[PDB]
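Some notes on the structure that comes next.
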Number of protein chains: 2
Amino acid sequence: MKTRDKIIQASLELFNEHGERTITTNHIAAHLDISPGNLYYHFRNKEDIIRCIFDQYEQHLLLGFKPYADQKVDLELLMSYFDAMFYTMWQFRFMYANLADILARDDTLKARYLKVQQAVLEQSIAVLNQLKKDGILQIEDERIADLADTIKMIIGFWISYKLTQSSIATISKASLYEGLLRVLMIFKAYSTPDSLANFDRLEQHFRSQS
Amino acid sequence: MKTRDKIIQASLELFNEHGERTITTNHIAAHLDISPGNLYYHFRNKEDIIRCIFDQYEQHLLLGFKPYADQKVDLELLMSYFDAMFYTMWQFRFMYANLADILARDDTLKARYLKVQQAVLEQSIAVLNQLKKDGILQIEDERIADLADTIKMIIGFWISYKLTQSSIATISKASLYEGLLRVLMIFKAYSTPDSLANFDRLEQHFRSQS
């Protein structure tokens, strides 16, 4: 593992455990047992590290919500889209906790973030249309875009909702699965009779994980 | 109108137009054409004004989502609950824009905020159970609490979602109605056949407002 990649992963872990705002590049270097000069060789400031993390976030997002080509339309395919919701919230939780402030202070990062959000929305609408063609969902064509955008809003803001509903300042995997189960509920209401059985197996799988 | 109430309303308007963070007590006093000492007579600092605004927010919330006693179960009753969603987001939009930071810096305000959120959740669950008894909604009893909490999450975080999805830093009434229409969609999926007609009249009413 290249030192540059070690710096990116240590940063992500520290930001996820303690909040991005309180971690300095000197703390990151001490965590890796390197000089702050050694860190500067690879990254000149903290923003540049956060920019590389956003890129990692963005490529996983585009791949996790990509439309399906020749895959068979079965349970394993559906779980993969639900697994990508969980992964993104948990692996980049420092981001969801403080998105507005990170975007407001870096215009380059914000512009790239918006391009990806629009491309993820377009893929999601395609996925939903395919599930309709394949007999998994019943939705009026004119509402598929709205459903996709509403689910995207749930996943993106679930963490902030949880942080503002209690006196506890940390996110547990259990909090995240509660969120997936709310999305799974919404989708269950749009399912076809032929496909209700599968939504009950997804529900049982996620109640069992936590 | 008592000067104390004039100070509270000017503050709310300035915070809603420009963001709470950039408004000082000296700016509030200049807006009302009074000395900063005259303002101090009534309010010793900005937090005390924000505390009185939260109280106004809290009492409207408890009244707007209160369970129904002898009212007839008709369209006007349903619209009133939808109107309370719109009112709270629009009249206290500075709050929704910057909730986390306001709560993190005032422990007294946060404690009261959480008591009200729990009481609003309990009322909402009662409302939903009544609509079920009265033949408006079909939901498994074990899921009514989850639906209520998911709708509450949508209304509370819609504004933050919109502010982070564009380069435009302001909220329009149109953005807010788009949000209500997403909630109305979710509810339409849980409606009974006898009640679908009414959800189509609510939809048409809100598409027409914007």
Side-chain angles (χ1 to χ4, degrees), chain A residues 81-82 85-86 88-89 96 124 128 137 139 143 146-166 171-187 189-191 199-200 202-203 206-207, chain B residues 61 64-65 67 78 81-82 84-86 88-89 96 99 114 116-132 136-162 176-187 189-191 199 202-203 206:
Chain A
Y81 288 116
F82 283 95
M85 293 175 196
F86 180 83
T88 187
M89 295 185 277
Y96 294 108
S124 293
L128 287 191
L137 298 176
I139 330 182
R143 296 288 140 243
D146 291 348
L147 184 61
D149 187 64
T150 309
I151 298 312
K152 185 170 158 293
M153 179 268 175
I154 300 184
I155 299 314
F157 281 82
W158 187 252
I159 286 176
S160 323
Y161 178 66
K162 298 299 284 176
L163 295 181
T164 45
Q165 297 292 123
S166 58
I171 277 296
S172 66
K173 292 194 192 190
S175 299
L176 275 42
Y177 289 118
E178 180 184 66
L180 267 62
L181 290 169
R182 302 303 178 80
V183 167
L184 190 60
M185 190 174 56
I186 298 303
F187 280 120
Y190 291 96
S191 169
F199 286 99
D200 296 346
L202 286 168
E203 183 186 357
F206 293 112
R207 294 191 187 283
Chain B
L61 211 59
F65 299 99
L78 301 175
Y81 288 116
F82 283 95
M85 293 175 196
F86 180 83
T88 187
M89 295 185 277
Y96 294 108
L99 187 60
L114 298 171
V116 174
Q117 290 291 315
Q118 187 46 35
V120 174
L121 176 63
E122 294 170 350
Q123 294 188 359
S124 293
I125 297 174
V127 166
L128 287 191
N129 274 276
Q130 286 175 311
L131 303 169
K132 181 174 168 173
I136 309 309
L137 298 176
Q138 275 163 188
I139 330 182
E140 283 190 310
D141 291 354
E142 317 90 56
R143 296 288 140 243
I144 293 170
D146 291 348
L147 184 61
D149 187 64
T150 309
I151 298 312
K152 185 170 158 293
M153 179 268 175
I154 300 184
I155 299 314
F157 281 82
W158 187 252
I159 286 176
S160 323
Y161 178 66
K162 298 299 284 176
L176 275 42
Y177 289 118
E178 180 184 66
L180 267 62
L181 290 169
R182 302 303 178 80
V183 167
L184 190 60
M185 190 174 56
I186 298 303
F187 280 120
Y190 291 96
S191 169
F199 286 99
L202 286 168
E203 183 186 357
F206 293 112

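These numbers come from the heavy atoms of this one structure, side chains and all, not from hydrogens, waters or symmetry mates. Lettering of chains follows the sequences in order, A, B, ..., and the numbering in each one begins at 1.
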| Quick one: are B/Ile159 and B/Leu176 in side-chain contact, heavy atoms under 4.5 Å? | yes
| task | Can you measure from CG (B/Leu78) to CG (B/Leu202) and round to the nearest 0.5 angstrom? | result | 6.0 Å
| field | Interatomic spacing from CD1 in B/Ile151 to CZ in B/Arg182 - rounded to 0.5 Å | value | 12.5 Å
| Side-chain (B/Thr88) to main-chain (B/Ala84) donor-acceptor, under 3.5 angstrom | no
| remark: Here the pair of heavy atoms bringing B/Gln138 nearest to B/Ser191 is NE2-O, 4.4 Å
| field | Inter-residue atom distance B/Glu178.CD - B/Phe206.CZ, 0.5 Å rounding | value | 15.0 Å
| Taking the side chain as C-beta and beyond, is there a heavy-atom pair between B/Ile136 and B/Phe199 under 4.5 Å? | yes
| request: For the residue pair A/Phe187 and A/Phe82, categorise the inter-ring angle as parallel (less than 30°), tilted (30 to 60°) or perpendicular (more than 60°). | output: perpendicular
| With a 4.5 Å heavy-atom cut-off, do B/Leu61 and B/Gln117 have their side chains touching? | yes
| request: Can you label the angle between the B/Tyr161 ring and the A/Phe157 ring as parallel, tilted or perpendicular, going by 30° and 60°? | output: perpendicular
| message | Does any part of the side chain of B/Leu184, heavy atoms only, come nearer than 4.5 Å to the side chain of B/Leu180, both counted from C-beta? | response | no
| request: Look at the side chain of B/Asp149 and the backbone N and O of B/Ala145, then say whether any donor-acceptor pair between them is shorter than 3.5 Å. | output: no
| remark: For B/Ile125 and B/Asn129 the tightest heavy-atom approach is O-ND2, 2.9 Å
| field | Test salt bridge (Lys or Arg N to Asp or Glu O under 4.0 Å) applied to B/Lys132 - qualifying residues, sequence neighbours left out | value | B/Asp141
| Can you tell me how far CZ of B/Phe65 sits from CG of B/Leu121, rounded to the nearest 0.5 angstrom? | 12.0 Å
| If only atom types and distance count, is the side chain of A/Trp158 paired as donor or acceptor with the main-chain N or O of A/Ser175 below 3.5 Å? | yes
| query | Do A/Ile186 and A/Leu147 come within less than 4.5 Å of each other through their side chains, counting heavy atoms only? | reply | yes
| Closest contact, heavy atoms only, A/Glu203 versus A/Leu181 | O-CD2, 3.9 Å
| task | Check whether any side-chain heavy atom of B/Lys152 sits under 4.5 Å from a side-chain heavy atom of B/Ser124, and report yes or no. | result | no
| query | How many angstroms lie between atom OG1 of A/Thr150 and atom CD1 of A/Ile155, to the nearest 0.5 angstrom? | reply | 12.0 Å
| Distance (rounded to the nearest 0.5 Å) between A/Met85 CE and A/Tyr177 OH | 13.5 Å
| query | After noting the C-alpha distance and the side-chain angles of A/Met153 and B/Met153, does the key distance pass the side-chain contact (heavy atoms from CB on, under 4.5 Å) rule? | reply | CA-CA 10 Å; A/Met153 179 268 175; B/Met153 179 268 175; 4.1 Å; yes
